[PDB]
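Here's the structure we're looking at; comments come further down.
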Amino acid sequence: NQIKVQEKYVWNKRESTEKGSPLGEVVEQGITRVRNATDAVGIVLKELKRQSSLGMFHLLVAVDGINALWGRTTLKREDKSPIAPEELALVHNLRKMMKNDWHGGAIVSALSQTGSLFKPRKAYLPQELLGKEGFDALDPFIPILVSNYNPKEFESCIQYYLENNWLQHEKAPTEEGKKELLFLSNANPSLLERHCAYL
Amino acid sequence: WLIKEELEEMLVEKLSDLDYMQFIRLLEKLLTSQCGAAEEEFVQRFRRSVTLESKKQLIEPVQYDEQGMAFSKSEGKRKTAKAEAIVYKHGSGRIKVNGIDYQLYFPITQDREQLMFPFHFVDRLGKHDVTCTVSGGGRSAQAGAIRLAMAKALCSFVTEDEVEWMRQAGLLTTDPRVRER
Ligand SMILES: Nc1nc2c(ncn2[C@@H]2O[C@H](COP(=O)(O)OP(=O)(O)O)[C@@H](O)[C@H]2O)c(=O)[nH]1
């Protein structure tokens, strides 16, 4: 309700959003009529990127699995032809937000090979997952490395699971069980969580 | 004890079962008494050696790398998979399979448990570093070959009793089961 549009958006000949209306209306038009949902998303982005520059609010763009934008799609036409990511309006409008042509906010993203298309299981580095086009788009950027648990973090996570009584095996609270879990997971948070799930 | 036929050979005289039993009983009685020197070499004349001590695992020599770190190399084979492992005397529990971390090279937990089995059996998880190269076979065959290689290389840094415990646990025997025609 505080954020308001600066243009007249025409959903159809009968319905339009007038200048100065709250942004929520636009969202509502996307939530009520799905036909205009995709058009409603882009407008929101178009507004949020612009108004944040004016200084009305601070904007955070949190995109998880950002590598999808500059890759390949598994969506097909009716002629069984491949569709490129840029041919999707939802993907096309979200690329404009990743460009550093606006101020008043920060862009944070996380890579992900899980659910990625046409990538090997062991690819995790920025260029390998992003592609040349993705690296060129994001460049310049600050990469931040996320690693496996160090011994302090591993011990604290196991203590958290024990405090929640989530390790029911009698040998789990002992020290030998902790060494075995450490070796089996290699301090990987996801493998440790999955192993502790059924113990 | 000296068997009947070679007792006959020593005596150069044919003898029966019962008199052989009587002689063995007398020898046992002599052993029971406080045998002095002449007695126990006399008995040793009639006792052969059981040279079937299967505790003959070959302990790999300890080598030293250019950095001065001590290590041991060994080989292993399971089905068509063939592995060669280098185990370092000191380490933090890091295993590198073909230059890849073991949890990345072996997604399946079963293979990781197989890689655990040797070190866990002798209570030195997290005390060694392993650099192994495996080729051929499949996931389970490669895991088994690497397990055998690491056990044979780890024999160098453990006691003889622990080597025997590993042998009795089946950690030092090549699996001979392969596909049949
Ligand atoms: N239904 C509707 N959608 C609009 C309208 N204006 C912008 N949009 C959508 O909101 C997005 C804003 O992105 P934009 O700045 O216009 O980039 P452009 O598509 O290349 O022209 C567009 O991609 C449209 O999908 C409008 O007047 N009516």
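Residue names in the structure tokens use chain letters A, B, ... in the order shown, residue numbers from 1 in each chain, and ligand numbers from 1 in the order shown.
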Counting only C-alpha atoms and all ligand atoms, name the residues that have an atom within 12 Å of an atom of ligand 1; the answer should be given as a ChimeraX atom specification. /A:5-19,26-27,29-30,33-50,86-97
For the residues in that selection, give me N, CA and C atoms as a compact mmCIF listing (two decimals), in the first residue's frame.
```
# COMPACT_ATOMS: atom_id res chain seq x y z
N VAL A 5 2.32 2.76 -8.23
CA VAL A 5 2.82 2.74 -9.60
C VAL A 5 2.96 4.16 -10.13
N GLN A 6 3.76 4.29 -11.20
CA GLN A 6 3.94 5.57 -11.90
C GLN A 6 3.53 5.48 -13.37
N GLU A 7 2.72 4.49 -13.74
CA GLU A 7 2.27 4.36 -15.12
C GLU A 7 0.89 3.72 -15.13
N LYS A 8 0.19 3.92 -16.24
CA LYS A 8 -1.09 3.26 -16.47
C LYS A 8 -0.84 1.93 -17.17
N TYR A 9 -1.11 0.83 -16.47
CA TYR A 9 -0.96 -0.51 -17.02
C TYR A 9 -2.31 -1.04 -17.47
N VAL A 10 -2.35 -1.53 -18.71
CA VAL A 10 -3.60 -1.92 -19.37
C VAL A 10 -3.63 -3.45 -19.42
N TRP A 11 -4.43 -4.05 -18.54
CA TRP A 11 -4.59 -5.50 -18.56
C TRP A 11 -5.45 -5.94 -19.74
N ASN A 12 -6.57 -5.26 -19.97
CA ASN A 12 -7.37 -5.46 -21.17
C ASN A 12 -8.20 -4.20 -21.38
N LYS A 13 -8.90 -4.16 -22.52
CA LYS A 13 -9.66 -2.97 -22.88
C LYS A 13 -10.60 -2.55 -21.75
N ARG A 14 -11.13 -3.52 -21.01
CA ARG A 14 -12.05 -3.20 -19.92
C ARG A 14 -11.30 -2.79 -18.65
N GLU A 15 -10.17 -3.43 -18.35
CA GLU A 15 -9.50 -3.27 -17.06
C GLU A 15 -8.10 -2.71 -17.23
N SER A 16 -7.77 -1.71 -16.42
CA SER A 16 -6.45 -1.11 -16.40
C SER A 16 -6.15 -0.62 -14.99
N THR A 17 -4.87 -0.58 -14.65
CA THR A 17 -4.40 -0.01 -13.39
C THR A 17 -3.91 1.41 -13.64
N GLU A 18 -4.54 2.38 -12.99
CA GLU A 18 -4.24 3.78 -13.22
C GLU A 18 -3.00 4.20 -12.44
N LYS A 19 -2.35 5.25 -12.93
CA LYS A 19 -1.16 5.78 -12.26
C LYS A 19 -1.50 6.21 -10.84
N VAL A 26 -1.88 -4.38 -8.51
CA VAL A 26 -1.22 -5.14 -9.57
C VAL A 26 -1.07 -6.59 -9.14
N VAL A 27 -0.55 -6.80 -7.93
CA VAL A 27 -0.38 -8.16 -7.43
C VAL A 27 -1.73 -8.87 -7.41
N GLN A 29 -4.26 -8.33 -9.32
CA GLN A 29 -4.68 -8.65 -10.68
C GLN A 29 -3.95 -9.89 -11.18
N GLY A 30 -2.75 -10.14 -10.67
CA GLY A 30 -2.03 -11.35 -11.02
C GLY A 30 -2.49 -12.55 -10.23
N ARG A 33 -6.73 -13.09 -11.70
CA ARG A 33 -6.74 -13.57 -13.07
C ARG A 33 -5.33 -14.07 -13.40
N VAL A 34 -5.19 -15.40 -13.52
CA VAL A 34 -3.88 -15.97 -13.81
C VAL A 34 -3.40 -15.60 -15.21
N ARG A 35 -4.31 -15.28 -16.12
CA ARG A 35 -3.92 -14.91 -17.48
C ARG A 35 -2.94 -13.74 -17.47
N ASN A 36 -3.09 -12.82 -16.52
CA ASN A 36 -2.22 -11.66 -16.39
C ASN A 36 -1.21 -11.81 -15.26
N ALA A 37 -1.00 -13.04 -14.77
CA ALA A 37 -0.05 -13.24 -13.68
C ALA A 37 1.37 -12.93 -14.11
N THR A 38 1.81 -13.51 -15.23
CA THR A 38 3.17 -13.27 -15.70
C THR A 38 3.40 -11.81 -16.03
N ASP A 39 2.44 -11.16 -16.69
CA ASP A 39 2.55 -9.72 -16.92
C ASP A 39 2.60 -8.95 -15.60
N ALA A 40 1.92 -9.45 -14.57
CA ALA A 40 1.91 -8.78 -13.28
C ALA A 40 3.25 -8.90 -12.56
N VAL A 41 3.95 -10.02 -12.73
CA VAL A 41 5.26 -10.17 -12.09
C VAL A 41 6.23 -9.14 -12.64
N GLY A 42 6.35 -9.06 -13.96
CA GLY A 42 7.32 -8.15 -14.56
C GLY A 42 7.10 -6.72 -14.12
N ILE A 43 5.85 -6.26 -14.16
CA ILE A 43 5.54 -4.91 -13.70
C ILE A 43 6.09 -4.70 -12.30
N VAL A 44 5.84 -5.65 -11.40
CA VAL A 44 6.33 -5.51 -10.03
C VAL A 44 7.83 -5.30 -10.05
N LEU A 45 8.56 -6.17 -10.76
CA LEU A 45 10.00 -5.99 -10.86
C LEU A 45 10.33 -4.63 -11.44
N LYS A 46 9.66 -4.26 -12.53
CA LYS A 46 9.92 -2.97 -13.16
C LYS A 46 9.74 -1.84 -12.16
N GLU A 47 8.73 -1.96 -11.29
CA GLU A 47 8.53 -0.93 -10.28
C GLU A 47 9.62 -0.99 -9.22
N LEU A 48 9.90 -2.20 -8.71
CA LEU A 48 10.79 -2.31 -7.56
C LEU A 48 12.21 -1.87 -7.93
N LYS A 49 12.65 -2.19 -9.14
CA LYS A 49 13.96 -1.74 -9.59
C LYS A 49 14.00 -0.23 -9.73
N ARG A 50 12.89 0.38 -10.13
CA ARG A 50 12.88 1.82 -10.36
C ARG A 50 12.76 2.59 -9.05
N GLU A 86 15.50 -17.19 -22.71
CA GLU A 86 15.13 -15.81 -22.97
C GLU A 86 13.76 -15.67 -23.61
N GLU A 87 13.21 -16.76 -24.17
CA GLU A 87 11.88 -16.71 -24.74
C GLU A 87 10.79 -16.79 -23.69
N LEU A 88 11.15 -17.01 -22.42
CA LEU A 88 10.19 -16.97 -21.33
C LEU A 88 10.17 -15.58 -20.72
N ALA A 89 8.97 -14.99 -20.63
CA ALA A 89 8.86 -13.66 -20.04
C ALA A 89 9.27 -13.66 -18.58
N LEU A 90 8.92 -14.71 -17.84
CA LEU A 90 9.29 -14.79 -16.43
C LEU A 90 10.80 -14.80 -16.25
N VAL A 91 11.51 -15.56 -17.10
CA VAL A 91 12.97 -15.56 -17.05
C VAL A 91 13.55 -14.28 -17.64
N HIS A 92 12.94 -13.74 -18.70
CA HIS A 92 13.48 -12.54 -19.34
C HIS A 92 13.44 -11.34 -18.40
N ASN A 93 12.35 -11.17 -17.65
CA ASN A 93 12.24 -10.04 -16.74
C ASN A 93 13.14 -10.18 -15.52
N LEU A 94 13.44 -11.40 -15.09
CA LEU A 94 14.28 -11.59 -13.92
C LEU A 94 15.76 -11.35 -14.21
N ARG A 95 16.17 -11.45 -15.48
CA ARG A 95 17.55 -11.11 -15.83
C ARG A 95 17.83 -9.62 -15.66
N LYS A 96 16.83 -8.76 -15.91
CA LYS A 96 17.04 -7.33 -15.74
C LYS A 96 17.37 -6.98 -14.30
N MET A 97 16.87 -7.76 -13.34
CA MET A 97 17.14 -7.50 -11.94
C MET A 97 18.57 -7.87 -11.55
```
Using only C-alpha atoms, I'd like every residue of chain B that has an atom within 9 Å of chain A; please write them out as a CSV table (one decimal) with C-alpha atoms, in the first residue's frame.
```csv
chain,number,residue,atom,x,y,z
B,93,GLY,CA,41.0,-39.0,7.7
B,94,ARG,CA,41.0,-37.6,4.1
B,102,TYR,CA,35.4,-40.2,-1.3
B,103,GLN,CA,31.9,-38.9,-0.5
B,104,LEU,CA,31.8,-37.4,-4.0
B,109,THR,CA,26.5,-45.1,1.7
B,112,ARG,CA,31.5,-45.5,2.2
B,113,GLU,CA,30.8,-48.1,4.9
B,116,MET,CA,35.2,-47.4,6.7
B,120,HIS,CA,37.1,-48.7,12.1
B,123,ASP,CA,40.2,-47.9,15.9
B,125,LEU,CA,39.3,-43.4,12.0
B,126,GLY,CA,40.6,-39.9,11.3
```
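As for CA of residue 147 (chain B) and CA of residue 122 (chain B), they are spaced 13.6 Å apart.
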Near residue 161 (chain A), counting only C-alpha atoms, which residues have an atom at most 12 Å away, once you skip same-chain residues fewer than 3 positions from it, shown as a VMD selection string? chain A and resid 154 to 158 164 to 168 172 to 173 192 to 193 195 to 197 199
May I ask for the distance between CA of residue 106 (chain B) and CA of residue 143 (chain B), given in Å to one decimal place? 8.1 Å
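The environment of region 66-69 of chain B within 9 Å, counting only C-alpha atoms and disregarding residues fewer than 3 places along the same chain, consists of residues 63, 88, 89 and 90 of chain B.
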Can you write out the residues you just picked, keeping N, CA, C and O atoms, as an mmCIF file, in the first residue's frame?
```cif
data_model
loop_
_atom_site.group_PDB
_atom_site.id
_atom_site.type_symbol
_atom_site.label_atom_id
_atom_site.label_comp_id
_atom_site.auth_asym_id
_atom_site.auth_seq_id
_atom_site.Cartn_x
_atom_site.Cartn_y
_atom_site.Cartn_z
ATOM 1 N N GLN B 63 57.736 -46.547 3.133
ATOM 2 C CA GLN B 63 58.464 -45.655 2.245
ATOM 3 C C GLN B 63 58.305 -44.219 2.736
ATOM 4 O O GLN B 63 57.471 -43.921 3.594
ATOM 5 N N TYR B 88 49.063 -42.941 4.413
ATOM 6 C CA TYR B 88 50.067 -42.164 5.124
ATOM 7 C C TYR B 88 49.999 -42.475 6.613
ATOM 8 O O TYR B 88 48.920 -42.715 7.160
ATOM 9 N N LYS B 89 51.166 -42.473 7.262
ATOM 10 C CA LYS B 89 51.219 -42.806 8.682
ATOM 11 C C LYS B 89 50.396 -41.826 9.509
ATOM 12 O O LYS B 89 49.705 -42.228 10.453
ATOM 13 N N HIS B 90 50.460 -40.540 9.175
ATOM 14 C CA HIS B 90 49.718 -39.497 9.869
ATOM 15 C C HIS B 90 48.784 -38.796 8.895
ATOM 16 O O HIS B 90 49.147 -38.543 7.742
#
```
For residue 82 (chain B), which residue among B:168, B:2, B:148, B:154 is the nearest when counting only C-alpha atoms? B:148
Quick one: residues within 12 Å of residue 28 (chain B), only C-alpha atoms, excluding same-chain residues fewer than 3 positions away - as an NGL selection string? :B and (1 or 21-25 or 31-35 or 39-40 or 43-44 or 46-47)
List the spatial neighbours of region 98-101 of chain B as a PyMOL selection string - criterion: any atom at most 7 Å away, only C-alpha atoms, same-chain residues fewer than 3 positions off excluded. chain B and resi 95+104-105+132-134
What would the file look like if the residues just selected were written as a PDB file, in the first residue's frame with C-alpha atoms?
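Everything below was put into again_17.pdb:
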```
ATOM      1  CA  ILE B  95      40.517 -40.214   1.363  1.00  0.00           C
ATOM      2  CA  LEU B 104      31.815 -37.438  -4.017  1.00  0.00           C
ATOM      3  CA  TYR B 105      33.311 -40.485  -5.751  1.00  0.00           C
ATOM      4  CA  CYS B 132      43.992 -44.322  -4.045  1.00  0.00           C
ATOM      5  CA  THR B 133      43.561 -44.974  -7.767  1.00  0.00           C
ATOM      6  CA  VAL B 134      40.886 -47.446  -8.897  1.00  0.00           C
TER       7      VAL B 134
END
```
